[PDB]
Amino acid sequence: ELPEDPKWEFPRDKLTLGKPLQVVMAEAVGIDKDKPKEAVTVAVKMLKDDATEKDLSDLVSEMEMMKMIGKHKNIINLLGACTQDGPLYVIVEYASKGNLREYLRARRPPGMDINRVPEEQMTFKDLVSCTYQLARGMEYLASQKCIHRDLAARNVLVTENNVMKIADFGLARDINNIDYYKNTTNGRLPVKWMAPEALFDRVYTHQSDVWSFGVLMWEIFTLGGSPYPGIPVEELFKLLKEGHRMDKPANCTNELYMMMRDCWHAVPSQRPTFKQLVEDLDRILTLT
Amino acid sequence: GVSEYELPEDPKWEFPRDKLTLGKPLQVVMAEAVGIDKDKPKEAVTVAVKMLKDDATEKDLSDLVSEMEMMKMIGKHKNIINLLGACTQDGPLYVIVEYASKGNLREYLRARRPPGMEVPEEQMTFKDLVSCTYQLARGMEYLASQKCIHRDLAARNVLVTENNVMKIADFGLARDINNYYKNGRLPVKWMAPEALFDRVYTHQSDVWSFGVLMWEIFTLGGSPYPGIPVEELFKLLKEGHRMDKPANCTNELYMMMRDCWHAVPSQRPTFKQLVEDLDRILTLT
Amino acid sequence: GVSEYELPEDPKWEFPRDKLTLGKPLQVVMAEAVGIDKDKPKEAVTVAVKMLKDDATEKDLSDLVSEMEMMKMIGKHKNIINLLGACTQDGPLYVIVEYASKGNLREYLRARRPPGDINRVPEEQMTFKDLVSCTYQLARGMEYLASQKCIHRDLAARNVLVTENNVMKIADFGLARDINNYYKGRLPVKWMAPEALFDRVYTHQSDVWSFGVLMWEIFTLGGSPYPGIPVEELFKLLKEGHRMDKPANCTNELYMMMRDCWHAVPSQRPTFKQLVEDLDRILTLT
Amino acid sequence: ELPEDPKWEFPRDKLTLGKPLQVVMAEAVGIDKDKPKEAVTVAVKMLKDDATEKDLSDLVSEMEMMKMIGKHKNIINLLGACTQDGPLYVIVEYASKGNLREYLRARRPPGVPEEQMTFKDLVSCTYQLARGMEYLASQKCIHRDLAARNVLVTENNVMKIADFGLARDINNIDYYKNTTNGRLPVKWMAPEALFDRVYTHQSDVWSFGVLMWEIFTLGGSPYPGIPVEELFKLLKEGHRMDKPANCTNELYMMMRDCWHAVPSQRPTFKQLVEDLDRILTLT
Ligand SMILES: Nc1ncnc2c1ncn2[C@@H]1O[C@H](COP(=O)(O)OP(=O)(O)CP(=O)(O)O)[C@@H](O)[C@H]1O
């Protein structure tokens, strides 16, 4: 039911599946023509045994979006797929340190909750670097006219040298040649990261992603905190209509907090663009 | 919808938040509700509470509301998990349901597989399994009589309590079809052919699902269509593919399964018929 | 001893390895034994198997051996876990015993406490009478044990198993000893009688003290003894005469029974025969 | 009772117990005198509610042994202890990657998983551990319970020998005398200890051999398929584990040297370090 795409097709016999991280770790022999005989560790996304029709179409769409998005340092990259005779396997780059939320919580400074890595406590500069890298990834994404729609710390992967990689393009959409994407009435986007236009007007643009980026920044500087703490989603709707905004994370410069607030401007066009975010973050990073 | 939306007040079902103490997670958490039974106003009763998570989407809230509404109009029955109330006003939505002491059927069954099969628990007798099937048929028969389609019938969605009592659960995808129901969110391996190929869902679609449930029961929690990816199932069902008979399952019960998997909905038995047959098979067992 | 050592043959208790199929751990694992009951040769019966682990020590082996031997020597009784057989020849030592489908008493009691900590079974909520019945059944088990001149030394709710029919069965004879003709520290401190340490002696009266602690666990529905008090401080406290408070909703009559059990002087504590008699009356009146 | 030792005593109010890893994670403010108000994550060892007299005597012994071993990069170090007015707390260094056995089983090749050990990484692990033992032996201390499960891995793949509950000081004595039926896992026990109840640094060398086998099998279980009760006889008959797949004959021969029936004929930890350093370099 899925026509072949020779450019990305990967031979199943060259793929050995491992334990799940549904995404499972795996070994792909020569998924990089450069090193024909070299086996490399990769992550494989597949369907669960109880998958729905929508899960299959979501995995396909996700695979195709990654093809069109292109390659960037701060984006988890697609390496191939097994789409013929057999279960659909979307093969992507493996990120050894998991998602950013867990990554940060694990290396929070002592004083003030699972595995811990003190030799990696986050310095303020590390946090700013994380934010700058992510702004760079989004800037590239937007330049490719793609909206992510599900940007959050849980959807950012961290690889070897604390390199941030945007991931999880299951809800991403291409808005080339259209002014904005039209969300369904009751979408599948986590509400706490949703821009107001999306939530109330069902409209989605790059500036909507900028809003999400603001919540992500708050996650970063709270070292993995959960947005709008103590506020259930059902009560958030009203609060947002009344302009509610999260306060400054402890141990965060007023400058960075103001950046978050700019990201949460009620007027989309009045929020910075990812291009401006990168420019400002680069400066802030440079200083520090 | 969900965002600029506000849950109305429903007296007979509302339950005070100060009277509910959320417990440990079973999103569903265990909990204690004082007076949920208006006949024992001082009695703290243990119950299960379904609520939204922090990362909830608009559709999650929409589904929880729908689930709650479906349960209100389904009425009591011993083989169906029933609604005890809800905290809808001023605060997060809490759907209070009855607590099942033994967990979901799928795991309940895998726990008691024979040593060397595929914390352990005492094996199940054939009579026990037949009984489980019977009760489930009785639960669905009542559900169909209330003109409700469950659509997500599976072992993972049946709760076990007391003395091997079966209680149909999770009405998150259930629909009221009084006065059929036109990318599905239903697990493919439990889906009737017409559900996709024709975008239609009736009680006869639920009967197909019941068949798969029976297979799960007699394979002691096995995964349907083992080794076959969901993406290939489409074709196979079309060619007439059907699951093999579970080991140690009477031919009589397996034929019941096959009847349930008739391509044409009108050629599958009705839950009334299944209840009658199963009632006899249980007696003879 | 364990290393350069070989287990003697005992045809009476020996069970064929080829007729035992090991299951998953409950090390004790569930298993199916065909013909363990020589009267139903073709019947496969669910049993529990105690065996050594990969990282077992020499002491683990000798302890397993003595545990098995103690059970052979104690003899049958309704309130004591039953030894069904053993695979001692040519291969790992497997001590086969009766399977108790409801688990250990501590967890059993905790799962059915009344409202107001894992799985709950409200439909089997403990009534005052059930607790008395449990204490009684256990009194009878220990009375029988004493009559066989065997001290348990490790009596505790975690070492009591409850069958599907809610029958109390004394278990874990890993530390049990035969004192036929006292026994001059691997015993959990909070269940230990004063003379056990301070005097290095152990008699049936030591087991009676433990029984008292067990009673307390029963009536607090699986509570932890001396809550908030570390084992290292217990020593001193018992010396000053410290004793646990009465469990909530426990009759004073039963609490006095507990205190009698905790008499500093062993000879001043009741005997299991006396406990059985008293408990038999209290049960009937309840 | 337990007389105070000001040198190691740490105030209880400065320690905040955390989730368990019995051993729990914790935060100790100023556990480093050089870092006054600086809080640091550590691991606290304590007794369980059902502890025996022996459990307590062992925890005390564990602490005292650590108080005399001294510090070394490849040994989990003692930081302090709360011994007065309250439960006994042995405060030790926190290892961020858990124990070596699981650390390795998770690093196994496909066919929660983790990347993967290169042969060089395994050799480095082995070398670091030989270094830790060499220091231990130089301190005239026998570990007696050396195994992958008792090695902790921290931050940057640094091996730290841990669990000194069975460790003993043999300064001024030719060998330690084991109890008849000891509490030492048999599969890691040198024959002299098992059959003759004698224990020397060379007995630890034997255990090191089994440890090597664990490392190169990426966390495999020694004498696979052989129950402890059958191992006794096999060892009397000179049984020895075969070469782990994907292991150089050179490293396997090192293991075999470690399992020489004659203690003095086994390499010393000093020789092991020397040889491993060379092998590591050529790798
Ligand atoms: N014959 C039997 N039938 C059923 N369950 C049994 C059993 N023998 C033991 N068990 C259960 O299996 C559990 C695990 O066995 P094991 O003997 O290893 O524990 P243990 O007694 O050493 C631990 P503790 O007493 O500290 O909880 C026991 O705690 C008990 O609950």
Side-chain angles (χ1 to χ4, degrees), chain A residues 1-2 46-61 82-89 101 149-150 152-155 171 183-194 196-202 215 225-238 240-241, chain B residues 1-3 5-7 27 51-66 87-94 106 151-152 154-157 173 183-191 195-197 199 212 216 222-235 238:
Chain A
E1 299 273 305
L2 185 62
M46 59 184 76
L47 294 175
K48 295 168 185 170
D49 214 29
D50 61 342
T52 64
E53 188 182 16
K54 199 61 178 184
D55 298 320
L56 177 56
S57 96
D58 265 6
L59 182 59
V60 173
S61 164
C82 307
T83 68
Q84 301 303 310
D85 300 293
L88 170 61
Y89 295 150
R101 176 172 242 157
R149 305 168 77 211
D150 191 17
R154 48 147 186 287
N155 284 152
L171 297 160
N183 270 23
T184 58
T185 313
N186 298 315
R188 304 177 290 159
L189 310 179
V191 178
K192 292 193 177 193
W193 288 258
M194 283 185 83
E197 320 80 80
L199 195 58
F200 308 122
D201 306 328
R202 296 211 275 151
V215 183
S226 44
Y228 305 103
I231 297 180
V233 296
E234 36 277 89
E235 298 188 305
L236 185 62
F237 299 134
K238 190 198 201 72
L240 290 173
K241 284 273 196 181
Chain B
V2 167
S3 47
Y5 172 90
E6 321 213 295
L7 298 62
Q27 187 180 60
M51 67 187 68
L52 299 177
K53 306 194 67 176
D54 215 35
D55 304 343
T57 64
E58 296 165 287
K59 192 66 172 188
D60 290 330
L61 176 48
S62 170
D63 287 341
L64 185 53
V65 166
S66 173
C87 308
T88 70
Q89 305 304 305
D90 299 289
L93 176 60
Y94 292 150
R106 195 191 110 76
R151 299 200 302 159
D152 194 17
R156 58 165 175 281
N157 282 165
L173 295 167
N183 281 142
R185 298 188 290 158
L186 313 182
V188 181
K189 291 185 168 189
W190 280 264
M191 271 190 108
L196 214 70
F197 304 157
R199 298 300 184 177
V212 183
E216 295 189 85
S223 305
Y225 306 104
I228 302 177
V230 305
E231 45 280 80
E232 296 189 307
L233 196 59
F234 299 75
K235 72 194 177 182
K238 192 169 181 178

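To find a chain, count down the sequence lines: A is the first, B the second, and so on, and within it residues start at 1. Below, each value reflects all heavy atoms present in this structure, side chains not excepted, and no hydrogens, waters or symmetry copies.
When side chains are defined from C-beta on, B:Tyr5 does not count as touching A:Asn186, because their heavy atoms never get closer than 4.5 Å. Looking only at side-chain heavy atoms (C-beta outward), B:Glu231 and A:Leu2 stay at 4.5 Å or farther from each other. Considering only heavy atoms from C-beta on, A:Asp49 stays 4.5 Å or farther from B:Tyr225 through its side chain.
With a 4.5 angstrom heavy-atom cutoff, B:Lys53 touches chain A only via backbone atoms. Of the two parts of B:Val230, only the side chain, counted from C-beta on, holds a non-hydrogen atom closer than 4.5 Å to a non-hydrogen atom of chain A. Heavy atoms of A:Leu47 lying under 4.5 Å from chain B belong exclusively to its side chain. In this structure, no portion of A:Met46 lies under 4.5 Å from any heavy atom of chain B. Looking at B:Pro229, the atoms closer than 4.5 Å to chain A (heavy atoms on both sides) all sit in the side chain, from C-beta outward.
Here the shortest heavy-atom pairing between B:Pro187 and A:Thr52 reads N-CG2, 3.7 Å.
Remark: A:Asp85 CG to B:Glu232 CD distance equals 8.0 Å, nearest 0.5 Å. B:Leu233 contributes atom CG, which lies 11.5 Å from atom CG of A:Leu56 (distance to the nearest 0.5 angstrom). Considering NZ of B:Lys235 and CD of A:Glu1, their distance stands at 10.0 Å, rounded to 0.5 Å.
Between chain A and the residues B:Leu196, B:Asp55, B:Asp63, the most heavy-atom pairs under 4.5 angstrom are made by B:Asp55.
Between A:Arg202 and B:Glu58 there is no salt bridge, since no side-chain N of the basic residue sits under 4.0 Å from a carboxylate O of the acidic one.
Checking side-chain atoms of A:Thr185 against main-chain N and O of B:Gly1 turns up no donor-acceptor pair under 3.5 Å.
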